[PDB]
2 protein chains.
Amino acid sequence: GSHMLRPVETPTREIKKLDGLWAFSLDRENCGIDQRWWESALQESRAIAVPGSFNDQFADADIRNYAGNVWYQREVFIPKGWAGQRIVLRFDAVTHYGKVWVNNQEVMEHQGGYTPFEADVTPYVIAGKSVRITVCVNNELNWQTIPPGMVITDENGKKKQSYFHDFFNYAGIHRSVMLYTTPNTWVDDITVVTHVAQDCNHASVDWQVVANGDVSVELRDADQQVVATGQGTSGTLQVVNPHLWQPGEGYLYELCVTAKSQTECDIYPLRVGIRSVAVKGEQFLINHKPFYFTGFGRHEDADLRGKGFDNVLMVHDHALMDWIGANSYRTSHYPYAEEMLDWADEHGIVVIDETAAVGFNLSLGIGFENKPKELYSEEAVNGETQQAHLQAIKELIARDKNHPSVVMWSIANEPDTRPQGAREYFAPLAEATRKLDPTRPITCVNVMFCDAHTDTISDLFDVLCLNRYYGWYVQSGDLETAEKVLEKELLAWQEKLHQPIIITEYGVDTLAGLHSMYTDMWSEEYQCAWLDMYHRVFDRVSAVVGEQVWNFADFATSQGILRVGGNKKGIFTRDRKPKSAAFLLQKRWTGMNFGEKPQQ
Amino acid sequence: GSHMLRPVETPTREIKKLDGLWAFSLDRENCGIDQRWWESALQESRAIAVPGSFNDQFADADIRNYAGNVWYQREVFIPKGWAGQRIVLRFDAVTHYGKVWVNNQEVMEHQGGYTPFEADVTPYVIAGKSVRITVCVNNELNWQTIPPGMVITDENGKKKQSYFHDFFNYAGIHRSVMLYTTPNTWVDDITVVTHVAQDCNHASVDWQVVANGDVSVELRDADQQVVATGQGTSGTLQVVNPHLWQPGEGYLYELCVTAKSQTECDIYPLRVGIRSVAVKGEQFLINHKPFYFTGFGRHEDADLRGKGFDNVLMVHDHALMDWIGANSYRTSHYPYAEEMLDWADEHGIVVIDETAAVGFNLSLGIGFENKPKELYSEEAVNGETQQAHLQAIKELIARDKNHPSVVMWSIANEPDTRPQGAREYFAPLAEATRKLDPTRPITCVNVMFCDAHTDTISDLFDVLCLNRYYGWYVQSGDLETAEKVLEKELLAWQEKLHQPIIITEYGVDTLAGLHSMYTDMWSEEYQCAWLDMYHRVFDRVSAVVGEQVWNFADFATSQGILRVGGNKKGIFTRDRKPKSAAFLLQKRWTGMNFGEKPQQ
Ligand SMILES: CCC[C@@H]1NC[C@@H](O)[C@H](O)[C@H]1C(=O)O
Ligand SMILES: CCC[C@@H]1NC[C@@H](O)[C@H](O)[C@H]1C(=O)O
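Along every chain, residue numbers run from 1 in sequence order, not necessarily as the entry numbers them; residues that have no coordinates are omitted. The order in which chains are written sets their letters, starting at A; the order in which ligands are written sets their numbers, starting at 1. Any value quoted here refers to the chains shown, not to the larger assembly they are part of. Side-chain descriptors were evaluated using all non-hydrogen atoms of the structure, hydrogens and water having been removed beforehand. Residues with missing side-chain atoms are left out of burial classes, side-chain pairs and their counts.

Naming follows the PDB entry, where chain A appears as Beta-D-glucuronidase of Escherichia coli. As recorded in the PDB, this entry has the title "Structure of E. coli beta-glucuronidase complex with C6-propyl uronic isofagomine". UniProt positions are given in the numbering used here, feature names are shortened, and annotations may be inferred rather than shown by experiment. Of the comments in the UniProt record for chain A, the one headed Sequence similarities (unreviewed entry) reads "Belongs to the glycosyl hydrolase 2 family."

Okay, here's the thing in structure tokens:
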């Protein structure tokens, strides 16, 4: 993807613009573009908080289920001590589609809902005066979006969005908005890659695009003592005798790249961890040692902000995952806030990084009521779709490439691989991803009903990721049949592919408070029994190297007869209170040795 | 007390009269006695179920909180094949006060709310025709009732009942109503007492009042094979080599007493278990072996019947107590339905039998609002009161004397022994109880605030029963101070009295579903932590021989700022669903060896 690094603070800086309170108005009949609302202060507005989804801030179902365009707006005074500097305006996430006006000049456009976008806007502002930022946000999904969907227009012209993923289609500006200043010598991009041999010593090859001038680099210590130095726009190899990034700890050196121009200097510190991931046979190695993933599929979801990033929420949810014994998690169903990958970096949390490609499946929704008949087809998942997907992988890898916590990419989640053309679609995406980053493995999370004798595309990926729900959606309520089905299906996957197997979803809906002596579905007792049987089967299969229970907390979804106020598969309630199973896992995950598979 | 045995089925029988549907009407202005409503069919009635409390059958607060007289009524056809037989009409429990008319002849009167009452009514009916039963039920409590209370009349003359016990003052006909026929030779009463030496052999002395004729007895086997025979109105000793009644099993011989008159025979089978209870030093022996009580303080309380006896409820609640590992319980705060003591008899459940003497304490209610200033005084707990109490002990012992499950009598629960005259009151009651039955020990359950340096009456009883709530009502939320206070108070009791100590109440209010990471009051996590600390302290004190957590299920109480829909101290919800702590106890109570104290 296009060059981009996280704005970090050096002797050149940034001014936060998530002042929260912006002017918001929905655009019910698309009068916005016609009257180019970007030209004058928004007519009939109400205060909105940024970052946060717009759906639940007003406790009104008619905004919540709204489909179309919405408008955010805010004036800003640009500090004047920035004259003779390049001013860039970065949105870290505007969910689905966004385009923005610096009063009357349009600067940016973007269709990715969970990855940042910026543009050099130094020629459209001059320091000292205040300019109006106007943003147009679209929350519509068609077949060429990631994720896909179908907007449908009723007799009256009202839009209603249909999609094929579980979680609710929150929208708005979900993450940081930000003006930042950099010297006129550009450090546009950095790439770092790490190698190790027997933990004693090795090196970090390096590449850098620095648009405007000479580059020297110094890798410094936690003590910020210089441990090696390089020179050059690329190469930039140095060798060490380091303390290398390990799951329990997360030791981070600091790559200080300097960009000397003939008059201007530019300094960027990029945190690096010396880790080497690979897979060998049925083992997922990290610094040449097998690893056992424990933890969760998560979500960006809280009670009144939707998917809006929040620092308290990050701190408290890491406190819970740490207590519970989790050592890993995967950014379930879209790229997460980079704050979380920095956190995982500093604390040694291992992360499976996933794109927003969910809902490439029309076999999962179940009920009594027009979806296309060919998944892979011109009307549905098409060629435009494949390039949109490849673009989504491009942005995610472009943004999380140097993070030590990122240990694996996941292209998509639960696609249907039964129809022909599934492999036609996914093969070039797997190959392209492999060339965009050869450092980490490639996975594609596998859906329950593309079983081992049925799935078409798992050949193309390095590590097998399974979402299994025997005993819940099938064999409902019967632990003795679910155990057999699960164990032969696991052994089957192993015989078929001899890969490491990570169970990336396994869970059951559990109403907090619903208790039962009969250990039936929806009780806390059932959650415990079910997870516990699954754990015996994992412990009895050689190739399973990971367990991430399906959902850390309950989250919101679309309305339906299967979702009681949302998906209740969480170990914790949406307000982070523990169900009984929370103590089951805490007993397992801190009982085992760190990163080691329980020996049965 | 007056002679009475359970109606059991021989070649002379009984016809059940809990036909449920009776005519019920409340008597709002005491017009009942004046118009002697007993004379004609009840004016303006509604159907009521018998047995069951009248409070919650109609989902109406104005009947629920009603104080005064209520009227039940029902016609009955007396079977004619009963001519020349004695017909007796027995109410097994009419709660608080009851008096009854066989159409126009009044036959019975009773003030005990949980013990049966009958009367020979052979001269007031003749077999073949149908007579109307009319019952007047009073639910008022004054200072000479067991339990006591204060009715208070507002400006308008409406009664409202005030009391000083936790549970709600349910009323009505709570248990079996019953017409039964016996031959004109009376077996009015039987008493059986058991002795053992070294489990090899001994005897059961015996006494019998059989009003009308010669008596022979045969003690028969579970096989009903004759193992010994006696002759005489008393003495009736025989010696055995028996399999003796043990907690885990409950072996019951059958004492078949026959009453030969010159023309009529009468046969009564009375189930007996060969058990010997006593206390020695700090040990509670049963068949000369120390015992550890586990289990609950219970209640007669369910969701729509109030305190009405129900067979399903008995079967299901015994299934839960059996699963959970309980081996004992105590009939908390009133005599229970004899069905439950028969059950405990057959299954080997050990029972601490208690009278209805609760609320002899004006220091327990807490709030912001006229109770007497002297507990023991002429206006309050008086001499009439003491004779009423002695009468209550008389009836309970008279009815549960031959039950092997009954292992101890408890005169009262949580009286205040601080004021002078507490010992003046309770001493003659303790001595009288000891002469009414020397077979089993005597206890008086001790309230939290009459601590070891304060209590006045514990000298007078055999086994010390403690209700302790450190960490809940005092030291609220602090497990580390509650542990110290509890441990020194337990050791203090032991130094002071060198008796066996049974913790007969210990528990915390727990909202099912309320979970917390901070282990604070009202969460399930707090229930578990609290009970668990209490268990460490029990395990570290020599003299503690028993643990009965406070309440098996949540139950209803009077309204107040301290009771959220009732007392929430149950391990189970009112509809019998388990809280998290239910599995804590199940792990302890079935982990230990049966009847043995955990060795720490
Ligand atoms: C069989 C499909 C299961 C499905 N897997 C994807 C998750 O995004 C959903 O939350 C989960 C669920 O339905 O609970
Ligand atoms: C400190 C008195 C505690 C009291 N003990 C008697 C029981 O009948 C109550 O239910 C119990 C409670 O308050 O929970």
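1. Thoughts on the relation of the copies chain A and chain B
With an RMSD of 0.0 Å, chain A superimposes on chain B once it is rotated by 180° and translated 0.0 Å along the axis. Both copies of the chain, as the preceding transformation shows, are related through a two-fold rotation axis. Residue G513 of chain A of chain A places its C-alpha closer to the rotation axis than any other residue of that unit, at 1.8 Å. In what follows, residue pairs with any heavy atoms lying within 4.5 Å of each other are defined as contacts. Comparing contact sets, 100% of the residues at the interface of chain A also lie at the interface in chain B, consistent with an isologous, same-surface contact. Here the copies are fitted together by least squares on their C-alpha atoms.

2. Side note on the nonpolar core
Take the buried residues of types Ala, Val, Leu, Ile, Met, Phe, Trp, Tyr and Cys, join any two whose side-chain atoms come within 4.5 Å, and each joined set is a nonpolar core. Summary of the burial criterion: residues with accessible area below 20% of their type's maximum are buried, those above 50% are exposed, and those between are partly exposed, where the area comes from a 1.4 Å probe applied to protein chains only. In terms of nonpolar packing, the biggest core is built from 90 residues, with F296, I324, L490, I501, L531, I571 and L585 of chain B touching the most fellow members. Here this core gets eight residues from one element, more than from any other, and that element is helix α7 (residues 524–539) of chain B. Counting only domains with at least three residues in this core, you end up with domain 1 (14–182) and domain 3 (278–591) of chain B. Membership of the second largest hydrophobic core comes to 88 residues, among which are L320, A380, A392 and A543 of chain A. For helices the rule is a DSSP run of H or I covering at least 4 residues; for strands it is a run of E covering at least 2, with both sets numbered from the N terminus onward. Note: domain ranges come from an automatic or database domain assignment.

3. Quick look at the domain arrangement of chain A
Splitting chain A by domain gives domain 1 (14–182), domain 2 (187–277) and domain 3 (278–591). The centre of domain 1 of chain A, based on its C-alpha atoms, is set 35 Å off from the matching centre of domain 2 of chain A.

4. Things to note about the side chain of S523 of chain B
All names here are of chain B. Residue placement: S523 occurs in the loop between β30 (501–505) and α7. Taking the relative accessible area as the measure of exposure, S523 reaches 0% and is therefore buried. Leave out the neighbours within four places in its chain, and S523 touches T510, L514, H515 and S516.

5. So, the site of ligand 2
Residues and elements named next belong to chain B. Lining the immediate environment of ligand 2, one finds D166, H333, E414, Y469, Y473, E505, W550, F555, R563, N567 and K569. A distance of 2.8 Å separates an oxygen atom of ligand 2 from a polar side-chain atom of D166. Computed with a 1.4 Å probe, the accessible areas rest on the Shrake-Rupley method; for each residue, only the protein chains presented here act as cover. Considered on its own, ligand 2 offers 370 Å² of accessible surface; in the complex 92% of this is hidden by protein. Here the residues of the shell around ligand 2 sort into four nonpolar, two polar and five charged. Think of it this way: one heavy atom of a residue within 4 Å of a molecule or strand is enough to make that residue near it. Whenever a nitrogen or oxygen atom comes within 3.5 Å of another N or O atom, the pair is scored as a polar contact, on the condition that within protein one atom can donate a hydrogen and the other can accept it, and that pairs from neighbouring residues in sequence are kept only if both atoms are in side chains. Classification convention: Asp, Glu, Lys, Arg as charged; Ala, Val, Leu, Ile, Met, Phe, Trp, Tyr, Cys, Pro as nonpolar; all other residues, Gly among them, as polar.

6. What to know about the packing of aromatic side chains
Ring pairs are drawn from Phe, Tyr and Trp, using the six-membered ring of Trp, whenever the two centres fall within 6.5 Å, and their geometry is named by plane angle: stacked under 30 degrees, edge-to-face over 60, tilted for the rest. This model, assessed by the stated rule, comprises 68 aromatic pairs over all chains. Look at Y251 of chain B and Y253 of chain B: their rings are 5.1 Å apart centre to centre, the planes differ by 70°, and that puts the pair in the edge-to-face class. Of the residues examined, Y251 of chain B reaches a relative accessible area of 23% and is grouped as partly exposed. On the basis of relative accessibility, which here comes to 4%, the residue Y253 of chain B falls in the buried class. Feature note: the residues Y114, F167, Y329, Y334 and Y336 of chain A constitute an aromatic cluster, connected by ring pairs.

7. Regarding the site of ligand 1
Residue and element names in this part refer to chain A. Near ligand 1, the surroundings consist of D166, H333, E414, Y469, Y473, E505, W550, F555, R563, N567 and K569. Interatomic distance of 2.8 Å between a side-chain N/O atom of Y473 and an oxygen atom of ligand 1. For ligand 1, whose accessible area on its own is 360 Å², the fraction buried by protein is 92%. When grouped by side-chain class, the residues that make up the shell around ligand 1 number four nonpolar, two polar and five charged.

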